[PDB]
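Read the figures in this text as sums done on the coordinates, not as results from a lab. Cβ atoms come from the backbone with ideal geometry, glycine included; neighbour counts cover every protein chain shown.
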Amino acid sequence: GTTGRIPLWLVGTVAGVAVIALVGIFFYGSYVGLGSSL
Amino acid sequence: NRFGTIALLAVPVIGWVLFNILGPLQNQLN
Amino acid sequence: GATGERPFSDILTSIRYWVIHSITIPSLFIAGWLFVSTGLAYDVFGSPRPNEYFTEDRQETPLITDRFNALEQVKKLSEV
Amino acid sequence: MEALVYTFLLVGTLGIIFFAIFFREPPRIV
Amino acid sequence: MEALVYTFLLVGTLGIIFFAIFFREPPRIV
Amino acid sequence: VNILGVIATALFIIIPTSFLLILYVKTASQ
Amino acid sequence: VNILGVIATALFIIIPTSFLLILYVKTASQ
Amino acid sequence: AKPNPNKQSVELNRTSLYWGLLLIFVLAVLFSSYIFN
Amino acid sequence: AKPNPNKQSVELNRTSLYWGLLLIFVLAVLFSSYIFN
Amino acid sequence: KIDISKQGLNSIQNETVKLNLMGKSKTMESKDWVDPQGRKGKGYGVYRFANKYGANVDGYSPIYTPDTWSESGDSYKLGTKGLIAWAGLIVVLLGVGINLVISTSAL
Amino acid sequence: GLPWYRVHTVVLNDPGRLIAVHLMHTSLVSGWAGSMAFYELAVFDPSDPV
Amino acid sequence: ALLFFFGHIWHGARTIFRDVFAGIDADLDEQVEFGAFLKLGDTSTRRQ
Amino acid sequence: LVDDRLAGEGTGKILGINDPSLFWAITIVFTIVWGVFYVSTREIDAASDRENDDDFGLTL
Amino acid sequence: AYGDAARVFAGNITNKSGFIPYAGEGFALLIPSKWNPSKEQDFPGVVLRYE
Amino acid sequence: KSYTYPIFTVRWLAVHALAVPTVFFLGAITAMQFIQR
Amino acid sequence: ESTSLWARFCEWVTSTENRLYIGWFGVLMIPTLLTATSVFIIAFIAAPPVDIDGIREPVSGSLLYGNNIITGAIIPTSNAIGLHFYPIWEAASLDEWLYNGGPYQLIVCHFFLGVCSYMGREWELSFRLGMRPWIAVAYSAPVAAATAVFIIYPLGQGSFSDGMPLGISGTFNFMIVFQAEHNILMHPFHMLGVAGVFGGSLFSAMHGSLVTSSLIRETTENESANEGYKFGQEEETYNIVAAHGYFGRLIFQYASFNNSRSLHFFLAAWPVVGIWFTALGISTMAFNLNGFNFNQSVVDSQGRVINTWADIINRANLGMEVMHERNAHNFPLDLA
Amino acid sequence: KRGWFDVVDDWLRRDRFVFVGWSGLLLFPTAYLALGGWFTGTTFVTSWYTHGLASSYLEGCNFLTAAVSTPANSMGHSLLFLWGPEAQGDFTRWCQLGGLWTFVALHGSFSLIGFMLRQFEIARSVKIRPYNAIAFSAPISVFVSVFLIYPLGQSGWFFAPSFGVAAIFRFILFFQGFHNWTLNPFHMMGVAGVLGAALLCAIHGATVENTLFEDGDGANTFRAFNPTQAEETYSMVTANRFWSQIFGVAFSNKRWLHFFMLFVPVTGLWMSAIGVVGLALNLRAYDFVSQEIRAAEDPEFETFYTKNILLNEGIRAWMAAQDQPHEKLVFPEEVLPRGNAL
Amino acid sequence: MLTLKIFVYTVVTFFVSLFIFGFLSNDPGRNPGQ
Ligand code: CLA
Ligand code: CLA
Ligand code: CLA
Ligand SMILES: CCCCCCCCCCCCCCCCCC(=O)OC[C@H](CO[C@@H]1O[C@H](CO)[C@H](O)[C@H](O)[C@H]1O)OC(=O)CCCCCCCCCCCCCCCCC
Ligand SMILES: CCCCCCCCCCCCCCCC(=O)OC[C@H](COP(=O)(O)OC[C@@H](O)CO)OC(=O)CCCCCCCCCCCCCCC
Ligand SMILES: CCCCCCCCCCCCCCCCCC(=O)OC[C@H](COP(=O)(O)O)OC(=O)CCCCCCCCCCCCCCCCC
Ligand SMILES: CCCCCCCCCCCCCCCCCC(=O)OC[C@H](COP(=O)(O)O)OC(=O)CCCCCCCCCCCCCCCCC
Ligand SMILES: CC1=C(/C=C/C(C)=C/C=C/C(C)=C/C=C/C=C(C)/C=C/C=C(C)/C=C/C2=C(C)CCCC2(C)C)C(C)(C)CCC1
Ligand SMILES: CC1=C(/C=C/C(C)=C/C=C/C(C)=C/C=C/C=C(C)/C=C/C=C(C)/C=C/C2=C(C)CCCC2(C)C)C(C)(C)CCC1
Ligand SMILES: CC1=C(/C=C/C(C)=C/C=C/C(C)=C/C=C/C=C(C)/C=C/C=C(C)/C=C/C2=C(C)CCCC2(C)C)C(C)(C)CCC1
Ligand code: OEX
Ligand SMILES: [Fe+2]
């Protein structure tokens, strides 16, 4: 039906961006909210 | 009801996976 | 060589794989978010909400002293 | 404390005597 | 009394090191 | 300071040293 | 009683004994 | 009766002698300091 | 340079070992009794 | 001992990448080859004992063999209708998820 | 030759000498028991058991 | 007790692995090839 | 004062020289070593079987 | 169970004055929130102590 | 040649038993960041 | 044939036939190391008490003054001196020199120069033998660690008295006071260093066991396999393929190392980077950039404090902080 | 293969991406349960009722301060089953009482047993020697002595390490303050073993990588190797000469080299384990009696050992109140040891 | 004390000059390469 595959470098780039965004969210949540000392 | 909401969320995922994979799964079983 | 399974490079670059897994992973993420936000996490594992650390009865830290009446003691300490 | 040393010395000498008697190099006629 | 023992132990260790360095069994290529 | 440490240290130094020396001299002679 | 007699007795017993044992084990191996 | 057929000869080379002497003397250092108290 | 031509090998038999051990232990008996005081 | 043609590296479009994966390089076997810093080659190539042992470590245990890839998987069987159904489902699920996240929170 | 940590393997396939070495070990253990009992008897003070 | 646990482990390993106490066989490459036999170490199941 | 000392620490002297004797020692030793090296640097170069032209040295 | 939802996406802090009011037997005062009750009675007539 | 592979294997279960709870817990932890004390 | 005096001296110094290589870095290394060794031994055996805190409270560290090996040390220089250069000729007498802590500074300076020259000489012999010159780069990690604990920390704290003593109990005291003042256990660089040493031990044991498990049979059962290996032999003595197969069935195929060169590079790289980062952490903490401070971080709705393991660690730090120097403080803040 | 055992062994010991084996039945369930218990305890379960702290992400803790906490000291050495006479089948109250710690520890020990068994089985299937399985005895002994034997000789599980980062740091600081663990010769041997193992790893990697052979024309030397080759890839003679002229001694036996590499850390860890076993009964090498007597008689005698003693005293006095809530220690501010102005 | 300073200065400058003028004496040419 739909011939073709997805580039492995594209997959890696998207996965890396996702994990970096997750870590950034974790740090932001460390700076505000629960366990933020204020 | 709180767990029922999560189960109802999970039902269409199982439905979609079964819809997309039933053929090759049956082929592998035989 | 190969032990008789589909190569990971072949699977990860498949339209079928990314069509199936464009639903499952976000579904699990939303399920975890709803588990936390609906208050289920507090109730299932018995963790104190920020307003339930100290009650009007006792204003100090809890202390369990009896080994065989530990269930009743922790039931009394957790009373809101 | 010294009695232990005296007894150890005497026992060691007696053990040396026993070993010399019963574990000697046997003479051999050429 | 114990200072003599400490110094003797250290000197003996250093002498062992010196002998190990300068009186080693020489490697030989087969 | 325990004055019984001198004899313990001397024995621990000497007995294994003598055992190793016996073995090495026998091997070198062989 | 001189408590320094124990170490002297131990050394006098052990060192010549170890020397003799080294020599005899080497000879018996040879 | 006949000589024992399980006869073996031990051996120890100079490297092993040096290692054993070093081990003995280092252990002596440490535990003599701890035993003299 | 060339190997030393004055190489000799020491020896000691069981009789000599027994005599040496006996001498050492008898001297130890006598002079230990005298040194302990 | 090792046959390079049987290592499953024949289905790669890029010739340079293909040569890299087998641990081979035609340029380096030339006696006049000079690397970036300016050192002449001795004719060994990538591996000195390439003829004795068949191939290199790269040609011995590859980790990217398109030949062994499944014949299926490069084309979606469900076609365009399956993709349209997937798009509808993902839009619906995203809307439901954002609605549930907003509702269960404190606005 | 045998390394210093393999010396006692000569009696692995010798039942008689295995019995001999086990007997020697038993003799040493019994001797330790007797000597320790005598040494403790020589220094014990039974004057006050309270 | 701890030292004798180590002793038990050592002696069990020595008695089970007795034939390779001096070293492994000279040619041991066909049996340790990934995906050469269906069963690990069995030469009668050569497939996949 | 009770005793005497050099009294030079924490001052900021050039190479720590408070007396000309230190300067003389440094200069004499350096000059001796330099002269010994200077006599032999011609012979040392000739061991490479090459002349010290503009292309001399370890080059890549 | 309790059924209380977590305060997700809440923009208000319950207490931010740094003080906790106290109502005693004939007196009242604002106790700092970072302090804890104590069981020490150093002076005669101690009826309250926080550290 | 044609290569056909099974979909569900032991490796499938091994991967998923560690992947599914990981994503669930990551979602829960992400939700945890926006709770106000 | 060499003729000049300097040519002959250079040929002897750069000779590869010496029992121990001298080189041009060894020319600097040998006298400095010998000086430091002599002073260290003499001070460790018979040195008088040293006033370390500058409060006229001498501390004994010598064997002749009632100490054992575990307790003996070389007391750092006096706090009154600070970072000032204190050579032996700047003292009125040797009695005054030994009272203020001169031998520590002497040994520290000579040891620093000696270890730098040792790394240089490692490179030099690598060059002379026809090798690749990075064993010296490996040594830079312990060199940096020693420099950080002996030079950089006193440099940033303003005194050699805050330096690490040349002893065992002194080392433990240094560690405890460092924890009380900088919270080193919470520093990511110290965590990386701990990971480095733990992983180094893990991988050393793993490699040794895997190599020892794949030895090819060349002996009998009455002799060791070390006798099965012959020095200078050309053939490999163990089965890399067998070891890789075992490890790849232990975890999974693509986790083991099929390349011996790559495996040995990984072995070299892990602990070196770990120690580099831990030394950088010590040097950074010298300039008062401490570890994570999660004290009173968890707070409930009404504002009260909920304690944590970090708070228990803080209580321990407070315990070991008010006692690290009893009489050396007149003011509430330890700003140094 | 016709019998039940034969067919089960055929399936279990199959060539697969993940090897299961007969030991998998013991390893995989217990290891999975231990990992899941740790993750669940660090994410959701608290420590308010058993320790008085917060040890979860739900309560506002990061990766460093989150842990699975030990039970209260009142529970003694109870195994704290889900069905035991304390939790009595209540899951939430079992989690609140600290039963997840014993769950994780008891499943982790059996997972370690299963992992050594798996090492043995895989070694026997490939027909090699079980030295890797022998090497795991040191980590297993460390885990057994630290997490089981030490708490079993104390008041209860309360004094065991808690599965977390800051919890382990508190455990280390407690061991320093109360036991003087740094002054233990067995711990000194353990430290020497660990540091020597790191030294050996780094030096062997560097020496092998810097004595390679020219088997290619490229500057990237990783591609000049083949695992099935016969000749060694580096110059043992050159390495031996370099280290003989630099250090004084050097290896001339590859087998001895690698056995020493295996031998050092295992011995270090075993010695530390023996030390902790001894410390379980408060048999601590805490003080030198001669030094204490001399310092008591002479108010001028001071060494670093006395300063360490004072530091330990301060640590104990200032940590006791909060680290041990069961003792109910109320300390007036004027009895805590303190220095001048600090 | 000044005599000790002079002696130490002489020794240090001797060794440092040896180091400098030895590394200046065609050091890169002392290698086994062809
Ligand atoms: C720490 C791990 C450990 C390891 C890796 C080994 C390894 C080995 N053992 Mg040893 N052993 C151990 C501990 C261990 N043992 C313990 C604790 C004992 C009890 C004293 C023994 C007693 C023992 C005997 C009697 C024998 C061996 C032998 C062997 C060899 C293979 C046979 C074997 O697999 O037995 C199986 C070993 C097991 C530990 C696996 C069983 C798992 C148990 C049953 C878990 C069940 C869980 C439990 C019931 C749950 C509830 C408990 C709760 C209430 C606390 C091999 C050297 C055999 C041999 O060949 O020697 C030459 C043999 O004769 N072992
Ligand atoms: C794979 C092996 C395995 C092993 C060895 C263990 C081991 C352990 N578990 Mg875990 N567990 C496992 C898998 C395993 N678990 C699984 C799959 C689950 C499901 C999620 C759990 C869930 C779990 C829970 C909920 C708990 C444990 C706990 C424990 C302990 C149980 C104590 C006990 O009394 O056992 C039972 C005793 C035995 C000796 C059983 C052996 C009896 C033999 C087989 C005789 C059979 C005879 C019988 C009369 C007839 C039955 C046959 C018939 C019915 C068909 C022990 C350390 C406890 C814990 O850690 O507390 C802190 C606990 O609370 N486990
Ligand atoms: C139950 C008794 C026991 C017995 C009969 C054996 C028997 C044997 N062992 Mg095993 N072993 C045991 C327990 C036992 N072991 C324990 C507890 C451990 C762990 C520490 C080991 C670890 C072990 C190793 C690592 C090795 C053996 C080997 C051997 C063989 C030769 C031993 C040798 O020649 O030593 C000769 C010993 C010496 C010359 C001097 C050793 C002196 C030690 C270090 C201390 C002095 C001991 C003291 C006087 C008495 C101990 C008190 C007592 C409470 C233990 C022999 C079959 C060897 C092998 O497998 O051969 C193929 C070998 O390599 N064993
Ligand atoms: C600059 C030329 C370099 C040429 C090549 C040199 C190669 C290396 C040779 C060996 C070097 C190390 C050993 C040196 C020992 C003798 C020096 C000594 O101990 O002096 C110690 C003496 C101490 O002098 C003290 O002075 C006191 C009063 O101030 C008192 O008088 C004391 O009695 C007296 O001892 O200090 C000096 O001599 C000062 C040296 C100043 C050097 C300035 C160099 C400027 C140019 C280089 C700039 C960069 C330098 C590096 C910076 C970054 C470093 C990370
Ligand atoms: C100018 C030089 C500058 C640096 C000088 C360095 C000096 C130190 C050298 C020590 C050599 C001792 C080796 C003994 C044993 C010996 O003879 O080694 C020699 C040994 C020989 O190996 P082979 O391959 O020949 O062995 C063959 C097998 O059959 C052996 O059974 O090589 C090694 O094991 C290297 C590891 C040495 C590790 C030593 C580390 C330091 C020891 C601790 C020092 C304590 C000091 C206490 C002071 C109070
Ligand atoms: C009071 C305290 C008691 C406990 C402490 C005891 C301390 C001493 C420990 C050693 C005891 C004797 C060890 C003998 C070792 C050789 C084994 C042997 O004889 O094999 C027979 C051996 C059998 O082997 P075969 O020849 O291969 O059949 O017979 C021989 O002829 C072998 C050659 C050696 C013979 C003995 C040489 C002299 C040994 C030392 C004599 C003195 C020993 C100490 C006496 C006093 C003890 C308190
Ligand atoms: C505190 C100090 C107090 C005074 C000294 C107390 C006693 C200290 C030990 C005295 C004996 C020293 C070794 C005697 C034999 C040396 C043989 C030799 O080198 O060449 C002859 C020997 C003659 O054979 P040839 O060259 O073939 O003719 O030469 C060798 O190379 C023989 C092979 C063995 C080499 C030495 C083996 C290990 C010896 C002990 C090492 C540890 C010593 C610890 C003490 C050091 C000093 C403090
Ligand atoms: C693939 C891959 C990967 C990756 C990942 C990632 C995650 C990435 C990312 C990436 C990225 C993410 C990138 C980016 C970039 C960017 C850029 C480069 C930018 C720039 C910009 C600019 C330059 C700007 C400018 C301006 C200004 C200044 C003003 C105004 C205007 C403007 C804005 C224009 C990994 C590691 C996984 C693995 C391997 C493979
Ligand atoms: C001939 C005879 C006789 C006699 C006999 C006798 C007199 C015997 C004796 C015997 C003895 C008298 C023996 C003894 C033995 C002993 C021993 C065998 C010991 C051992 C010990 C040990 C082994 C120790 C160890 C150690 C140390 C050193 C320290 C700490 C740790 C430990 C504990 C490990 C009679 C007439 C009766 C009859 C007839 C015959
Ligand atoms: C308790 C219990 C149980 C069990 C359970 C389970 C089994 C669970 C599991 C669970 C799980 C299985 C979980 C998991 C989780 C995970 C996570 C949470 C993760 C995270 C991660 C992260 C955060 C990452 C990070 C990173 C990045 C991003 C970068 C690089 C580095 C790293 C990788 C670190 C049962 C019911 C049976 C019974 C009762 C009790
Ligand atoms: O000196 Mn040695 O440790 Ca440096 O911080 Mn301030 O000063 Mn004293 O206190 Mn903390
Ligand atoms: Fe290696």
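When the chymotrypsin sites (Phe, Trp or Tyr not before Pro) in the stretch L:11-48 are filtered for DSSP coil states and for at most 14 other beta-carbon atoms within 10 Å of their beta-carbon, the remaining sites are L:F21.
Each residue of the stretch Q:129-145 was assigned a 3J(HN,Hα) from its phi angle through the Karplus curve 6.51 cos²θ - 1.76 cosθ + 1.60 (θ = phi - 60°); the sequence is 8, x, 6, 5, 5, 5, 5, 6, 4, 5, x, 5, 5, 4, 4, 5, 6 Hz, with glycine and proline shown as x. Here the Karplus relation 6.51 cos²θ - 1.76 cosθ + 1.60, evaluated at θ = phi - 60°, turns the backbone of the stretch E:8-20 into coupling constants of 5, 5, 5, 5, x, 4, 5, x, 4, 4, 4, 5, 5 Hz, with x for every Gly and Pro.
With a simple spin-label model that places each label point 7 Å from the Cα along the Cα-to-Cβ direction, the separation between B:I14 and P:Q302 comes to 4.6 nm.
Across the stretch P:1-43, the residues whose backbone nitrogen lies under 19 Å from the label position 7 Å along the beta-carbon direction of M:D45 are P:1-8, P:10-11. Report the FRET efficiency, 1/(1 + (r/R0)^6), for P:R56 and Q:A296, where r is their Cβ-Cβ distance and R0 is 35 Å, rounded to 0.05. Using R0 = 35 Å, I get an efficiency of 0.95. FRET efficiency for the pair O:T4 and B:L29, taken as 1/(1 + (r/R0)^6) with r the Cβ-Cβ distance and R0 = 22 Å, rounds to 0.95. For the stretch P:140-220, the relative contact order is 11 percent, taking Cα pairs closer than 8 Å that sit 6 or more residues apart in sequence and dividing their mean separation by the residue count. Residues Q:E300, Q:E313, P:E1 in ascending order of nearby Cβ atoms (within 10 Å, fewest first): P:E1, Q:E300, Q:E313.
Annotation: amide H of C:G39 within the under-5 Å range of N:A6, sequence separation 5 or more or interchain, hydrogens built in the peptide plane. Counted by neighbouring Cβ atoms within 10 Å, the residues K:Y39, J:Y47 run from fewest to most as K:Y39, J:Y47.
A compact globular protein would have a Cα radius of gyration near 2.2 N^0.38 Å; the ratio found for the stretch Q:75-165 is 1.36.
Take every pair of alpha-carbon atoms less than 8 Å apart whose residues are at least six positions apart; their mean separation over the length of the stretch P:233-336 yields a relative contact order of 11 percent. Ordering Q:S235, N:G45, P:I75 by Cα displacement along the dipole of the protein assembly as shown toward the positive end leaves Q:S235 in first place; charges were set at the Cβ atoms of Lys, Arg (+1) and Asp, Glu (-1). Calculate the spin-label point distance for Q:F247 paired with P:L280, positioning each point 7 Å from the Cα along the beta-carbon direction, and give it in nanometres. Label-label distance for P:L280 and Q:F247, simple model: 2.7 nm.
Would you kindly give the portion of the calculated P(r) for the protein assembly as shown that falls above 42 Å, as a percent of all Cα pairs?
Values: 608690 of 989121 pairs.
In whole percent, the long-distance tail amounts to 62.
With only the Cα atoms considered, chain P has a convex hull volume of 236 Å³ per residue.
Per residue, what volume in Å³ does the Cα convex hull of the stretch P:118-186 take up? Present the calculation step by step, with values, prior to reporting the outcome.
Numbers: hull volume 7.8 nm³, N = 69.
Here the figure is 113 Å³ per residue.
Measuring between their Cα centroids, the stretch P:128-152 and the stretch O:1-16 lie 49 Å from each other.
Sorting K:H8, Q:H107 by the number of Cβ atoms found within 10 Å of their own Cβ, with the fewest placed first, yields K:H8, Q:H107.
Each of D:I17 and M:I14 was given a label point 7 Å from its Cα along the Cα-to-Cβ line. The distance between the two points is 9.2 nm.
Expressed per residue, the C-alpha convex hull volume of chain J stands at 212 Å³. How much FRET efficiency would the formula 1/(1 + (r/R0)^6) give for M:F30 and Q:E232, where r is the Cβ-Cβ distance and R0 is 60 Å, rounded to 0.05? E between M:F30 and Q:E232, to the nearest 0.05, is 0.75. For the stretch I:12-23, putting each phi into the Karplus relation 6.51 cos²θ - 1.76 cosθ + 1.60 with θ = phi - 60° gives couplings of 7, 8, 5, 4, 5, 4, 5, 4, x, 4, 4, 4 Hz, in residue order, rounded to whole numbers and with x for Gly and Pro. The base-10 log of I(q)/I(0) for chain Q, evaluated at q = 0.07, 0.09, 0.13 Å⁻¹, reads -0.47, -0.74, -1.18 [Debye formula, identical scatterers on Cα atoms, solvent excluded]. When the alpha-carbon atoms of chain M are used, the pair Rg, Dmax equals 21.5, 68 angstrom. Under 5 Å between amide hydrogens, built in the peptide plane, is the criterion, and for N:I31 it picks out N:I20, N:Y22 among residues at least 5 positions away or on other chains.
Pairs of Cα atoms under 8 Å, at least six residues apart: use those to get the relative contact order of the stretch J:10-107, whole percent. About 24 percent, as a whole number.
Can you tell which of P:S140, N:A28, P:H329 lies farthest toward the positive end of the dipole of the protein assembly as shown, using +1 and -1 charges on the Cβ of basic and acidic side chains (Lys, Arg; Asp, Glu)? So the residue we want is P:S140. Toward the positive end of the charge dipole of chain Q, about the Cα centre and with charges on Cβ (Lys, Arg +1; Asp, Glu -1), which of Q:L26, Q:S137, Q:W94 goes farthest? Checked the options; the winner is Q:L26.
Charge tally around N:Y22: other residues with Cβ under 14 Å, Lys/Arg +1 each, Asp/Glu -1 each, net 0.
Highest GNM mean-square fluctuation among P:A279, P:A268, P:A180, for chain P modelled with Cα contacts below 10 Å: P:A268. The residues neighbouring M:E51, those whose beta-carbon lies less than 12 Å from its own, together hold a net charge of -3 under the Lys/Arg +1, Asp/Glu -1 convention. Separation of the stretch P:251-291 and chain N, taken as the distance between their Cα centroids, equals 49 angstrom.
Across peptide P:134-142, the mean count of Cβ atoms from other chains lying within 10 Å of each residue's own Cβ comes to 4. For chain B, the set of chymotrypsin sites (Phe, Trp or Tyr not before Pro) satisfying both a DSSP loop assignment and a count of at most 16 other C-beta atoms within 10 Å is empty. Shown here for the stretch Q:50-132: chymotrypsin sites (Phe, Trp or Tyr not before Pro) in loop regions (DSSP other than H, G, I, E, B) with at most 10 other Cβ atoms within 10 Å, namely Q:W83.
Amide H contacts for Q:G164 (H built 1.01 Å from N in the peptide plane; partners 5 or more residues away or on another chain; cut-off under 5 Å): Q:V68. Charge dipole (Cα centre; +1 on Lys/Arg Cβ, -1 on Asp/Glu Cβ; no other charges) of chain N amounts to roughly 240 debye.
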